[PDB]
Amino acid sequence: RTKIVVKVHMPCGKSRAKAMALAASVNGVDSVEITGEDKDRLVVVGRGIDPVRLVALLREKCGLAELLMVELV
């Protein structure tokens, strides 16, 4: 089990939904959540997730994204 936290440019509900649905569509994801005071942290938990590829998809579709944490759960 792996937990990944990505800071994402997502300044409205529509853009939060686009990013959440992108992360949720990666095979092996069990959980996706938006957190933080600014609602700009995407938290993804699953098995067999490549963090580098996930951040690259989010950067491509949301414009800006940065990997903040990877952690075994």
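From 1 onward, residues are counted along the sequence shown.
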| query | Where do the C-alpha atoms have the higher mean temperature factor in this entry, in 18-26 or in 50-58? | reply | 50-58
| task | Taking the chain's C-alpha temperature factors as the reference, tell me which third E33 falls into: lowest, middle or highest. | result | lowest
| said: Quick check on the deposited entry: does the C-alpha B-factor of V73 sit in the lowest, middle or highest third of its chain? | reply: highest
| task | Sorting the chain's modelled residues by C-alpha B-factor, tell me whether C12 ends up in the lowest, middle or highest third. | result | highest
